[PDB]
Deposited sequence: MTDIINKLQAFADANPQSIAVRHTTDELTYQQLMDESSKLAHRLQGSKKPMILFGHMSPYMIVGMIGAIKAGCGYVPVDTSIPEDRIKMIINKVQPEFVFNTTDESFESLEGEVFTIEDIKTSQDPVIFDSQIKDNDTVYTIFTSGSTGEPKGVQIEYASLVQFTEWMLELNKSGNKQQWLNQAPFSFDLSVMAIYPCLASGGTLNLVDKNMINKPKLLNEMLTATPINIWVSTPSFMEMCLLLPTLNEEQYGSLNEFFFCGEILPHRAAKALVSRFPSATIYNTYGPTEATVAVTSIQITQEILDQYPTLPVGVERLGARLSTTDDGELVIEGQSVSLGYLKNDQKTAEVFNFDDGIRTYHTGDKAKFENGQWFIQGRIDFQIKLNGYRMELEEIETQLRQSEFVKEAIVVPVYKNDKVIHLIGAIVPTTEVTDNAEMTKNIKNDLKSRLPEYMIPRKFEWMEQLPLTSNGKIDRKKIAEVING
């Protein structure tokens, strides 16, 4: 089981099945393989990764498959990344080639920028031997910035095989992707979908910002398998039609990247009693995710906050005696690109074993891992210590809060109090009373000093470009 081989076998079985769909733009398995070989011909000899630029054109997938076959790999760059960071990336990468999959012109200080047109009308042969090997760097994905992470081809093959076993909805399914391709969550949709003959359906930024457009896309395609961040799922729960009775095609979900709120999982389990729902956790540095747990009624009833589950093959998890989880194994990245200090500082791979220090406080209780917080988001107030996420979880377990993020406030380089930005369960008609009620509701769940002074009621929490809660942008609304 090899990525190119399963895709090619499926393309040979069903050349006219759709491999990729972005609104009306469709790409069949035959064209995905045809155009990917043509790109590989233009790409061969290249021992530098191909920059992959665009948003949601199906030719981004062409780019990925082409970069795999030529063996040089790719660096996915989404149009939502600021231009100066794009310049920084192309500069670090030293590409020979840049695939501009958008309609507008792109130009790059390094390498040859070509368009889809160069491939649509290329005359190069449509058969090309894949020359990737296990230890090649298949992709380099850059960190959010909350450095380019390098991933071995074998890590990807392994990760996809894991997703294929976790998948209970079979082959030839309609898959949904939300993550931009510069966010490795999309990998969790791209390759398990193509490796099982599915159709990768692309949600773009516009759909994320204008939910009526998302609703339209959902009505045009009956989605079966859904891969997204928890925050995106939370937003889509406000589509009332999105339930098992009215949208019965949808029966499997994979979430990664953020804490999955117990309330959100509860609602989804309620509205799709038959769906296979997985919570997964992992950093970019260990190939997308390393744990999974199926969320059921029992998992909900029995776990006040959800675990992230058990480790996968290629990922041996251990916990340092301060609680920092460490991942060892094939899932571990080779390291950040031409950034030796940043690599030494969290990566230890000596004697051929590979280890990554995660920065998340994790705890293992009765067969299951829990992610409690990012080490940085730990506060001492009144000489006491909780993880910011824990405070936020306590706020979410309150009938007046539908969603909540907590902002520490500082001076003289030390936290002074907390402000809670709240999406309330009800529009907050009155200002004094809700502050009163949230604080009183907290008497049970929090020691006084960890209850925020202020609340800032927000209609909606802003999301990052990757679909996570935008902490920085939430800070700015509070800070003046």
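The chain's deposited sequence has unresolved stretches at 1, 148-151, with no C-alpha coordinates there.
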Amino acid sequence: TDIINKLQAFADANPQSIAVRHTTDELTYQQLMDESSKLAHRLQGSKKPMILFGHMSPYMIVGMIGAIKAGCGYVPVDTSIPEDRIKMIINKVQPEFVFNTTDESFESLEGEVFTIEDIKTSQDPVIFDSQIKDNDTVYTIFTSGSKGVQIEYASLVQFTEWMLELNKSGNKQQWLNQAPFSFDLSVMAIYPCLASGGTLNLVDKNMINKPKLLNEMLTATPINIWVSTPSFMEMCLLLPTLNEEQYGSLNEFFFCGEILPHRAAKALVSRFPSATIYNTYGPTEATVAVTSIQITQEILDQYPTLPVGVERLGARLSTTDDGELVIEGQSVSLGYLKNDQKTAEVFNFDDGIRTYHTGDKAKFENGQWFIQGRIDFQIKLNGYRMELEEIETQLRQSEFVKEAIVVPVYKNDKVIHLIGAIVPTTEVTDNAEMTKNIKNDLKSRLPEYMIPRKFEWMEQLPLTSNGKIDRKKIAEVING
From here on, numbers count along this sequence of modelled residues.
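Relative to one another, 434-442 and 29-37 have unequal mean CA B-factors, and 434-442 is the one with the higher figure.
Higher mean CA temperature factor, per the PDB entry, when comparing 208-216 with 112-120: 112-120. Sorting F99, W226, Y153, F349 by the CA temperature factor given in the entry leaves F349 at the top. Taking only the listed residues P82, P273, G323, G197, the entry reports the highest CA temperature factor at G323. Among the modelled residues of its chain, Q460 has a C-alpha B-factor that falls in the highest third, as given in the PDB entry. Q330: CA B factor in the middle third of modelled residues in this chain (values from the PDB entry). In this PDB entry, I419 carries a Cα temperature factor that places it within the highest third of its chain's modelled residues. Among the modelled residues of its chain, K468 has a C-alpha B-factor that falls in the middle third according to the deposited record.
When the CA B factors of the chain's modelled residues are split into thirds, the value for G383 lands in the highest one.
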